[PDB]
Structures are given as C-alpha cells and as structure tokens.
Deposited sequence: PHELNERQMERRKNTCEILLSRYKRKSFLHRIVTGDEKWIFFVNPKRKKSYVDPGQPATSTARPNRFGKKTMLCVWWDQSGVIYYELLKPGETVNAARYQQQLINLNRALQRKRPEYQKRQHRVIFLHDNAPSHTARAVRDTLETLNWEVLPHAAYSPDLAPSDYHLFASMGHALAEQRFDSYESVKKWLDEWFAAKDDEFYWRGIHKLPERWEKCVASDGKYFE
C-alpha cells in the first residue's frame, strides 16, 4: 500500500534477520500467540480484536459499535486472553512453556500500563516493524481469508457478526491456522532478500 522509506526498510530487514537467525538456531513457531484488530462493518462498525496460534483462535472480542481499543482496554484484553490461554492450551497452564507474543506496535500495544502487564505475564514480545502487515500473520493470513468471505455479507446486527465469526473460525481446519503461522520463515527470508522492501 505504502511507500517505505529508508528507516522503514532498514527496520524491516533488521527485524527479519534477527527472527530468521533465531529460527534457524531453534524453531519457536509453535510457541507464538499472535493477534490484531480489524473493523467489521454492519447495517456502523464493530472492532474485532482476535488472538490465535497454530491450533486456532484462542480468544476474541467484538467491541460495541464505534468503540476503540485504548490503553486500558488492551490491558484488560491481555488479562482476559491469558485466562483463555490457560483454559485452552495446557502446555501453558503447566508452565512447561513460555508464550511468545507477536503484535504490532499500535500505541495502545506499547503504552506503559500494557508494557507492565506483558512484563508481569512474562510473555516474550517479538519485534515487529512498522508498516509490515506482510509480516503479521493476522493480516497476511487470517484477515486476508476473512476479507474475501466478508465481502458477500450484509450484517443486520452485532449479533449476526458474532455468529458469523464463531462459525467461520470454527469451520477452518487446524491445518489453516498451522500454515498461517508456519509461513513466517519464508516471509522473513523474502523480506531479507528484498533488503526490507515489500515483496511478492
């Protein structure tokens, strides 16, 4: 979409080198939990806030129409996400494993109270470059598939959106979610080979 400047390409390329070199030393893809926000329009619009891993959607919220994510809201979301994670992913209840968290750096995602919450949860937060939805599984995989399916829908209500999302998420095979995460290394490689430009 955007015309990347030098600082932006540098940061993309450097981030991807770091993630890729880590990956080659010891793959960590199975420990990533990732998420992002997207507007869904009906009749007005509601923000979908969703988090997922290679096994499926862990937790989501659909905010009241017009409502936005601010710092306080994101902090509570992360807390609620962690409760869902304990219930749905045993490997993490048992603290056999540490969560690796991939989200973008929207201001609410980096505010002081949110940084504190992440420190306390003690999730590892992966680096992520500005203007890089091609590096964010929610964008290049989850919402890319969703957007096509949404384009046919004309939702009557907030309830219709929620129903549709429950159904849609659940109809995807485990393989869909796994592919979206495990696409990361190829994309990190492409980005390093483009010196940080966008790529096909």
Q. Where along the deposited sequence are residues missing from the model?
A. 44-68
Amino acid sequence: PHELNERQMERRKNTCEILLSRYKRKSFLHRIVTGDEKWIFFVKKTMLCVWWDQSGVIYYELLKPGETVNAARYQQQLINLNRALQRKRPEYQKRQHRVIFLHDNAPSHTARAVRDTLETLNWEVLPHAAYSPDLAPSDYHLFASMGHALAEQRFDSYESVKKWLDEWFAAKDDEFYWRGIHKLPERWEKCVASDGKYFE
From here on, numbers count along this sequence of modelled residues.
**Q.** Between 146-154 and 131-139 (mean CA B-factor, as deposited), the higher
**A.** 146-154
Q: Compare the mean C-alpha B-factor of 85-93 with that of 114-122 as given in the PDB entry, and name the stretch with the higher value.
A: 85-93
Q: Determine which member of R25, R187, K13, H182 has the highest CA B-factor, using the values in the deposited entry.
A: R25
Q: In terms of CA temperature factor as recorded, identify the highest of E159, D166, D53, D36.
A: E159
Q.
How does the C-alpha B factor of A170 compare with the rest of the chain: lowest, middle or highest third?
A. middle
Q. Where does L48 sit by CA temperature factor within its chain: lowest, middle or highest third?
A. lowest
Q | Among modelled residues of the same chain, the CA temperature factor third for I58 | A | lowest
Q. Is the Cα B-factor recorded for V99 in the lowest, middle or highest third of its chain?
A. lowest
Q | Where the record places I40 (Cα B-factor, split into thirds across the chain) | A | middle
